[PDB]
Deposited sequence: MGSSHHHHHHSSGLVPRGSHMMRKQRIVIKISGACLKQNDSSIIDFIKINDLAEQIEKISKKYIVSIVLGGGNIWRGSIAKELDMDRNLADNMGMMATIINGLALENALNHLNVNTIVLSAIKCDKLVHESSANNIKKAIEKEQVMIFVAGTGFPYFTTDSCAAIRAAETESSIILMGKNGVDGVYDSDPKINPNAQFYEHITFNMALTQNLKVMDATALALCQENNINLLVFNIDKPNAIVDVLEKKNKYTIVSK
């Protein structure tokens, strides 16, 4: 009866200040929530690398997009190993699955390994995106959702309670989103979610117990469905 979910966790969720790329209280709070959630759900985590690497630094370094996205993928691996460590301390059975092969550090994602991880009911930490440039964290979240047969992506926003207009939305269609010219995710991720019937649960991730609370429908959130 365990239903499957993808939690999109951007890099900003792991960082407090510029002094440290990863903040221990923020990542441990995250781990604590995942611990509780993993009792009722099969959990897939899709991480960003914005705390370590951003598009702005790529421009400063005159870095072409192929290489820039590669840097981002490495950043997600660092975050992935940090989250795994935090979850291991809580005795949560967890596995880091990477789109890029690097056996000394992480396991490789594949149809077999995902299936294997689901049977063991491991928390799946997905890293290095798709192993391809020109993908966003959101697009990877879409692909991972379809791949793991998760019908919903929890889309944590940093500061924002859900879909607004920079009036709140309790619920919104994908159609009504694109007619209203709202940038909930990039166009590619939107298309991916629509094609494979994946819903979004947009909420404020900065709030204490945010992820636990929105699965209990406790706070302000937006659902983006067909």
- Unmodelled stretches of the deposited sequence, numbered from 1? 1 to 22, 189 to 196
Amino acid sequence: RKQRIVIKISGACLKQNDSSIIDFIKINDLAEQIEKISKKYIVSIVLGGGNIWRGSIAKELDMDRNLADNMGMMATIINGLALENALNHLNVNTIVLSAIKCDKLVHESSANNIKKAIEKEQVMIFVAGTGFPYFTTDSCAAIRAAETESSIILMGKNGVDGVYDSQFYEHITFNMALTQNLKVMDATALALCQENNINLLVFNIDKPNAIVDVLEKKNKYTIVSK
From here on, numbers count along this sequence of modelled residues.
- Where do the C-alpha atoms have the higher mean temperature factor in this entry, in 51 to 59 or in 168 to 176? 168 to 176
- Task: May I ask you to compare 93 to 101 and 152 to 160 by their mean CA B factor in the entry and name the higher one?
- Result: 152 to 160
- Relative to the other modelled residues of the same chain, rank the CA B-factor of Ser44 and answer lowest, middle or highest third. lowest
- Query: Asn70's Cα B-factor: lowest, middle or highest third of the chain?
  - Reply: lowest
